[PDB]
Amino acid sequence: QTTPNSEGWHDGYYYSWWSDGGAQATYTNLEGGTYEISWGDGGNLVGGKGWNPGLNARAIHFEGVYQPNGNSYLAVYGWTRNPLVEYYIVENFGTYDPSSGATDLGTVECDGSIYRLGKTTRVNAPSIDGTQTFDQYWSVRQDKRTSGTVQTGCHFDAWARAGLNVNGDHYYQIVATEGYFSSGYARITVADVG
């Protein structure tokens, strides 16, 4: 079956769970900063735990089990408003790099690896605020990992230096697992280690 879309608070953490309804998937909030996702073929899905509001500079730690089979990613993921922006700091991915086709904005070194920076624009697409036009900011880790600390400030500073607007009002900021026409399992624990 498929866990219905949901967003809110659980055990002191914010969470977001979303799927297009085409995939078979079960999303479960576990205790504290832990969540679990099991998915099969059929569509796009993304869920995870974190904070709301996000910060430009948060030290985010993640660890656990990440076992995709096909198209999938593990990322720090969130939104700002004014302007409306969807951003991704991608720590690991299954088969294809989700930033493919983005405009190349160069590289930066954060938390022990080079990250490739990029941006794309989504026109009349689904957003937290309905159908809107908005940019996506990408920072994609060269040395893939399943645990560690992300200092988000390193990436926001990098996007700013490239000329992107990072002054919006923060909405949620979570460590998300995504699947796209694939199967997999994830059990991820998030924490602020500032």
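A residue's number is simply how far along the shown sequence it sits, counting from 1.
Test of understanding: from the entry's C-alpha B-factors, which stretch has the higher mean, 128-136 or 141-149?
128-136 has the higher mean C-alpha B-factor.
On average, which has the higher Cα B-factor in the deposited entry, 167-175 or 21-29?
Between 21-29 and 167-175, it is 21-29 that shows the higher mean C-alpha B-factor.
Tell me which of 92, 113, 107, 80 tops the list for C-alpha B factor in the record.
It is 107.
Hey, out of 38, 44, 69, 34, whose CA B-factor is highest in the deposited coordinates?
In this record, 69 carries the highest C-alpha B-factor of the candidates.
Quick check for you: using the entry's CA B-factors within this chain, is residue 6 in the lowest, middle or highest third?
For residue 6, the deposited C-alpha B-factor lands in the middle third.
Lowest, middle or highest third of the chain for the C-alpha temperature factor of residue 74?
Lowest third.
What third of the chain does residue 58 rank in for C-alpha temperature factor, lowest, middle or highest?
It falls in the middle third of the chain.
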